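Just so you know, the protein sequences line up as chains R, U, P, Z, V and L, in that order.
Our numbering numbers the first residue of the first sequence as 7 and each following residue consecutively.
Our numbering numbers the first residue of the second sequence as 24 and each following residue consecutively.
Our numbering numbers the first residue of the third sequence as 185 and each following residue consecutively.
Our numbering numbers the first residue of the fourth sequence as 20 and each following residue consecutively.
Our numbering numbers the first residue of the fifth sequence as 254 and each following residue consecutively.
Our numbering numbers the first residue of the sixth sequence as 232 and each following residue consecutively.
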Amino acid sequence: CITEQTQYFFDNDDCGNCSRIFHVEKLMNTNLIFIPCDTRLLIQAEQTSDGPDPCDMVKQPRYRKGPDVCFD
Amino acid sequence: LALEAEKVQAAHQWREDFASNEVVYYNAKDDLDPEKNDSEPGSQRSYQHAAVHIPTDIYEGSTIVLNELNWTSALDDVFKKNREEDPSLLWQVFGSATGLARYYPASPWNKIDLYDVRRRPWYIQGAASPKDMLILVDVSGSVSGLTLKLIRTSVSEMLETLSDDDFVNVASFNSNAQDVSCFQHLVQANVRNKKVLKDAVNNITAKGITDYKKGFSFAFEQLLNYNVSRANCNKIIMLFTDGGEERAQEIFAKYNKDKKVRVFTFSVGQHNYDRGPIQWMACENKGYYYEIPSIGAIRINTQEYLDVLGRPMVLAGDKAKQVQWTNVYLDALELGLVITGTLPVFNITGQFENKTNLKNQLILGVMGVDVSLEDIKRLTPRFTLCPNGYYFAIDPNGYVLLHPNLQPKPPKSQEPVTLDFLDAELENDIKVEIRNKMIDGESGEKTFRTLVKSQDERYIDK
Amino acid sequence: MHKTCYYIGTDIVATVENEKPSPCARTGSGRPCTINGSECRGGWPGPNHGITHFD
Amino acid sequence: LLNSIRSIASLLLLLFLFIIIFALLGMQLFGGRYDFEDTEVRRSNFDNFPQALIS
Amino acid sequence: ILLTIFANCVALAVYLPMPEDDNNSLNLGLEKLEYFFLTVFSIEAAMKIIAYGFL
Amino acid sequence: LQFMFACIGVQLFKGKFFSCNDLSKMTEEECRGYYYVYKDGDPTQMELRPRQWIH
Numbered sequence: 007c008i009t010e011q012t013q014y015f016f017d018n019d020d021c022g023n024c025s026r027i028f029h030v031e032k033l034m035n036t037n038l039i040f041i042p043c044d045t046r047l048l049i050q051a052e053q054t055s056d057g058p059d060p061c062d063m064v065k066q067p068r069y070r071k072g073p074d075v076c077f078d
Numbered sequence: 024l025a026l027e028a029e030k031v032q033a034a035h036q037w038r039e040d041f042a043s044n045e046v047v048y049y050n051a052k053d054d055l056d057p058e059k060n061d062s063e064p065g066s067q068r069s070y071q072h073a074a075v076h077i078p079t080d081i082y083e084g085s086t087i088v089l090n091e092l093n094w095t096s097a098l099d100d101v102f103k104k105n106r107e108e109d110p111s112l113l114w115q116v117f118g119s120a121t122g123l124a125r126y127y128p129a130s131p132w133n134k135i136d137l138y139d140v141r142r143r144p145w146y147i148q149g150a151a152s153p154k155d156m157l158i159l160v161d162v163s164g165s166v167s168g169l170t171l172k173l174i175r176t177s178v179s180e181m182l183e184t185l186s187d188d189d190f191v192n193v194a195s196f197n198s199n200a201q202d203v204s205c206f207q208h209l210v211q212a213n214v215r216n217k218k219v220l221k222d223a224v225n226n227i228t229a230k231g232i233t234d235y236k237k238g239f240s241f242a243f244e245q246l247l248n249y250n251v252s253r254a255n256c257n258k259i260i261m262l263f264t265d266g267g268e269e270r271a272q273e274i275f276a277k278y279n280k281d282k283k284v285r286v287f288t289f290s291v292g293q294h295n296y297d298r299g300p301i302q303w304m305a306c307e308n309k310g311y312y313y314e315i316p317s318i319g320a321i322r323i324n325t326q327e328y329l330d331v332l333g334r335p336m337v338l339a340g341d342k343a344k345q346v347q348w349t350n351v352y353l354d355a356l357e358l359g360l361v362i363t364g365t366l367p368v369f370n371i372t373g374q375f376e377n378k379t380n381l382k383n384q385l386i387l388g389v390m391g392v393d394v395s396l397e398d399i400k401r402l403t404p405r406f407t408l409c410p411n412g413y414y415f416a417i418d419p420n421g422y423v424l425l426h427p428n429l430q431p432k433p434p435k436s437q438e439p440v441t442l443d444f445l446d447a448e449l450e451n452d453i454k455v456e457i458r459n460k461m462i463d464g465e466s467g468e469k470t471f472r473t474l475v476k477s478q479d480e481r482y483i484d485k
Numbered sequence: 185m186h187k188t189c190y191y192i193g194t195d196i197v198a199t200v201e202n203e204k205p206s207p208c209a210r211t212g213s214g215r216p217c218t219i220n221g222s223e224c225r226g227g228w229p230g231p232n233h234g235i236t237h238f239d
Numbered sequence: 020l021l022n023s024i025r026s027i028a029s030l031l032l033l034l035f036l037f038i039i040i041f042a043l044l045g046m047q048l049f050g051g052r053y054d055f056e057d058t059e060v061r062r063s064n065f066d067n068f069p070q071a072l073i074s
Numbered sequence: 254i255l256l257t258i259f260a261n262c263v264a265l266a267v268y269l270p271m272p273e274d275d276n277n278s279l280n281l282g283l284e285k286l287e288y289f290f291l292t293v294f295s296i297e298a299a300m301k302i303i304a305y306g307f308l
Numbered sequence: 232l233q234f235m236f237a238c239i240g241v242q243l244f245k246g247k248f249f250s251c252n253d254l255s256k257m258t259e260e261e262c263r264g265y266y267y268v269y270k271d272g273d274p275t276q277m278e279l280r281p282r283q284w285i286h
């Protein structure tokens, strides 16, 4: 704590870095590591989206005989 | 299996009578070897005969069951064994409308086997892809908390039933339309996204009168859009409701006539409201209505959620029967995670037969992955999320937290192990450029260093 | 009313009746009443049986 | 025996009336909320007018 | 007045179907109609002004 | 009267009542083998049962 205060000054002078792991004991544990220890898990959801998805294949959907079998 | 199962099914005669000789008995020849597991005894109904799994609720006592059981094994056994002439097929597997055909006698299976096949994802991939999905729960101050519980469970599982590469929302509506927060949808990490949406479903109190049309008004609209993602294809919405009070043909003609829209309406529970306006609707618009009276929810969900979408595939689809590889997941039997390539098999005049597949150990996928010229890492990202990269081990990811309340407890693994490439390993923007480059797959030998800090055991290098 | 309002039990629904640490049971085709209180509780009737309690 | 029915019939009708008012009010009360999540069979619970009649 | 009371009985008997809190359907229009019965009966109250008051 | 209602019920109900478990089987011949029972309501508490038919 106070040692983490001296560490806080050490940060002012190293590398606080959140690093999620989705693995571990089931839960999505976050991991700070500096260049203090594994804790629980949280957060994502996001607002801005990214990482382009793709497909560009098949996607058959056009038809010429959708039988009105319906149900029943 | 395509070329051959098409034939026998074409000449299976399918005569009833039966009773006499099918299959039957129970073969039992002990063995043990590679690919783990001691092959020995396997007949709920290497080499030596074949295992034939059945849904635990499905009973080996029907005109349909045994009738399949004949023609399937009757030829499948032979040529699959012929495929064993060329080692080593790790787990050749057939999956029909109900029962599995496992080649060679791995023994199935106080635990309850709730396991099906219609539900199990590789099979879901084998029928009609992809799917633009837009749910409309009817939260109208009308459903009790009962059918609300049921419907809650219903979405809760259906999204798991839903493909793990198809976009989805949840359009709650009554006296007003509204969405659970996101407004874009989704690609789905399956893990996180579906979990968000699911837990959001977990709190879904009924409250308010049925706008009906207004929900539809956004339904086509939220379905409409164009701005990014979307993943164009089949474009369908799913009502789960007590029973509509009106037709809404007005909006339909207002936004649909190309009929690319579909409607799957799921009346549930008991109630008493007429199925009419609903039954009118799905038939009106290409779409297949059907119910979930209680907790028949599992099999009913799958039963035509896919096959009704199989219609185009039944038609002009035939040259489309290229193998359709799946994302990584754990085997139902102990084995470790294994990719499974699937293909569809057609009937003769009807609505599609059944979806064969091959298990492929990622273990031997690694056997092609040499590890000796080097000593750090391979990594093999999929066409979207995930690789099989030796950057991680063998557990089902998981959402966030939650210790279960011990008090009520005196429903066991679901898979797939979906992962971001981005999250599997440290972000670098430039590296993000790289995965966003490769995800399109465009670039070939393009390569360069990125100076970068790298996580190890529990403290980073650079 | 000191008895009906409470219970304690465990394991298979074979806890002794009417001999200290015993309680009225919910009807049921089996009855166990998860609570938990060890392996399932074993005795309530003021609400699960509905109001009828003498309190 | 049947001749008596002509005498009692009016009172029987008043009984039908009491049945009617009580039924409707019931429908707008119990069934006026009706809902009860978990877990069947619930039986009659005024979810509909005939239902309230039979109950 | 009698037959409109019969209209009361019928309209309400329908009105009970259904409920489940909000939603509503056909009754939603009947909701005015009770005001209709109201104003009629109230007109008969205007007649009651001509009746005998305290007597 | 016992005879009358007897004759009524028989030639109107005789095929009925051969119940399954639950409704999810309908044909008292299609019935066969096991059958889930979920305690309470939560779909994480399955219990098998060699259910059906019912007299």
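Ideal Cβ placement from N, Cα and C applies to all residues, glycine included.
- Ranked by Cα distance from U:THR95, the options U:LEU246, U:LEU123, U:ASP80 and U:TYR278 are led by U:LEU123.
- Rounded to the nearest whole angstrom, the C-alpha separation of U:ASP446 and U:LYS342 is 37 Å.
- Here DSSP, grouped into helix, strand and coil, assigns R:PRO73 to coil.
- U:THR86 carries a helical assignment under DSSP once its states are collapsed to helix, strand and coil.
- Residues of the segment 211-240 of chain U with a C-beta less than 8 Å from any C-beta of chain V: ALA229, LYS230, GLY231, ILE232 and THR233, listed in chain order.
- U:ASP354 is the residue among U:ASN248, U:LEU408, U:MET336 and U:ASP354 whose C-alpha sits nearest the C-alpha of U:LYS59.
- Bounds of the beta strand (DSSP E) holding U:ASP155 are 155-160.
- Closest in C-alpha terms to U:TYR422, from the list U:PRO110, U:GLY319, U:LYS221 and U:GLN347, comes U:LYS221.
- A distance below 6 Å between beta-carbons, with the five flanking residues on each side excluded, links R:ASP78 to no residue of its chain.
- The beta carbon of U:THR363 is closer than 7 Å to those of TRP145, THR349, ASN380, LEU381, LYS382 and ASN383 in its chain, skipping five residues each way along the sequence.
- Annotation for U:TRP114: the continuous beta strand (DSSP E) segment containing it runs 114-118.
- At a cut-off of 8 Å, the C-beta of P:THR194 has no neighbouring C-beta in chain U.
- Remark: fewer than three beta-carbon pairs, one from each stretch, lie closer than 8 Å, so the segment 325-345 of chain U and the segment 271-287 of chain V are not flagged as touching.
- Residues of chain U with a Cβ closer than 9 Å to the Cβ of Z:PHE68 do not exist, since the nearest Cβ in that chain sits about 11 Å away.
- Inter-residue distance for U:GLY231 and Z:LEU72 is about 28 Å (C-alpha atoms, whole angstroms).
- Not a single CB atom of chain P sits nearer than 8 Å to the CB of U:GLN71.
- For the pair U:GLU273 and U:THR233, the CB atoms are not nearer than the 8 Å cut-off.
- Within chain U, no residue has its CB atom less than 8 Å from the CB of P:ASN232, the nearest being about 15 Å off.
- Contact of V:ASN280 with chain U by beta-carbon distance below 7 Å is absent, the smallest such distance being about 12 Å.
- At least one CB atom of chain R sits nearer than 8 Å to the CB of U:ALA416.
- In the DSSP assignment, U:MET390 falls within the unbroken alpha helix (DSSP H) covering 385-390.
- For the segment 262-278 of chain V, the set of positions with a beta-carbon nearer than 7 Å to some beta-carbon of chain Z reads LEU265, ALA266, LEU269, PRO270, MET271, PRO272 and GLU273 in chain order.
- DSSP places U:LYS258 within a strand segment (E or B) once states are collapsed to three.
- For U:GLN201, the uninterrupted beta strand (DSSP E) run begins and ends at 200-202, by DSSP.
- For a Cβ distance threshold of 8 Å, residue set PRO316, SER317 and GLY319 of chain U lies close to L:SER255, ordered along the chain.
- Residues of the segment 130-156 of chain U that bring their beta carbon within less than 7 Å of a beta carbon in chain R comprise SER152 and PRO153, in sequence order.
- Following the DSSP letters along the chain, one finds U:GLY364 inside the beta strand (DSSP E) bounded by residues 361-368.
- According to the DSSP assignment, Z:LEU43 belongs to the alpha helix (DSSP H) that extends over 22-46.
- For U:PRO434, no Cβ of chain P is located within less than 8 Å of the residue's own Cβ.
- Not a single CB atom of chain V sits nearer than 8 Å to the CB of Z:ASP57.
- In this structure, U:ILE227 sits near U:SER195, with a CB-CB distance shorter than 8 Å.
- For U:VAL251, there is no enclosing beta strand (DSSP E), as DSSP marks it with neither H nor E.
- For U:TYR126, there is no enclosing alpha helix (DSSP H); the enclosing beta strand (DSSP E) covers residues 123-126.
- Distance from U:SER69 to U:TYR127 at the Cβ level is roughly 4 Å; contact confirmed, criterion being Cβ atoms closer than 8 Å.
- With respect to the 8 Å criterion, U:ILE259 and U:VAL284 are classified as neighbours on the basis of their beta carbons.
- Residues of the segment 249-272 of chain U with a Cβ closer than 9 Å to any Cβ of chain R, in chain order: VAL251, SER252, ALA254, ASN255, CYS256, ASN257 and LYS258.
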